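The data below hold one chain only, encoded as structure tokens and taken in the form deposited without this ligand.
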């Protein structure tokens, strides 16, 4: 029977991206379901080995998936991961693209902490989006995980904390829908950009869609600039109209950060926790779903 690593039976495809396909697997030792990422060895720019190292440096972190095996097999590099629950995009669609304010706030709190943890390990994520957060399983069903370090990179030296240098004329990295203004302008990504992207994710949860979503275009690169100019021509206060001011204050604060500034994560969490209390919400992990 078809196995990777002698040990993990390969199952149906469950996802695909620019850095490999994701498949279900079954560990024959325990019957544990797993996720299997495959990357073609004859690819023009090897990456899965680097993502696996990144995952290994993050292990033990709250909401970081465990990597079970990493190796090479035939025409493929292989990374076997712990299987988690549905993504936040899956759950958003399941709830008809409607999240309550309570659910948005509970998630924001954990998501800010996930990003802060990655930053504390000297890496920036660069692909913050609803598909890249997954809920846990069983008694970790209230825990938000962060996945996909395929675009991640170090922003600071591990020993001196010297920040990577500023630069312009970069190509767009990440996803057009959730990228920061700085990214659209070709500026090197840093810690602020992960947090700005999360700000767009949260307003996307509030609204059901973002104003620069679904713009008709022709070439794939005229679409990107139509997104970029719609993103820039939409003031944060128009984007957040109809919702508590904390969401615009969050987005304004991330746009105000300098390239190498350390974000005040505790401040950002406290904006939402304070709003959480004014709504009279209880922290019971009762999500909409």
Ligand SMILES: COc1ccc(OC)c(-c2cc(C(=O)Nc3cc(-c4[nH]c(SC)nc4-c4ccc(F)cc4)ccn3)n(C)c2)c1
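Positions refer to the first chain, counted from 1.
Heads up, the form solved in complex with this ligand isn't pictured, but that's what we're talking about next.
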| task | Please overlay the site onto where this ligand binds in the entry with it bound and tell me whether the pocket on the shown chain stays open or is blocked (3 or more ligand atoms within 2.4 angstroms of backbone or C-beta atoms). | result | open
| request: Kindly indicate whether 111, 244 and 251 are, all three, within 4.5 angstroms of this ligand in the entry with it bound, using heavy atoms. | output: no
| note | Here the chain appears without its partner; judged in the entry with it bound, the stretch of 157-165, 132-140, 113-121, 189-197 with heavy atoms within 4.5 Å of this ligand is 132-140
| request: Using heavy atoms only and a 4.5 Å cut-off, determine which of 239, 227, 35, 54 is in contact with this ligand in the entry with it bound. | output: 35
| message | Just to be sure I understand the contacts: of 176, 79, 106, 144, which is the one whose heavy atoms reach within 4.5 angstroms of this ligand in the entry with it bound? | response | 79
| said: Can you tell me if residue 16 lies within 4.5 angstroms of this ligand in the entry with it bound, counting non-hydrogen atoms only? | reply: yes
| Partner proximity in the entry with it bound: residue 211 to this ligand, non-hydrogen atom cutoff 4.5 Å | no
| message | Is residue 275 part of the interface with this ligand in the entry with it bound - any heavy atom within 4.5 Å? | response | no
| message | Is residue 22 near this ligand? Define near as a heavy atom within 4.5 Å, in the entry with it bound. | response | yes
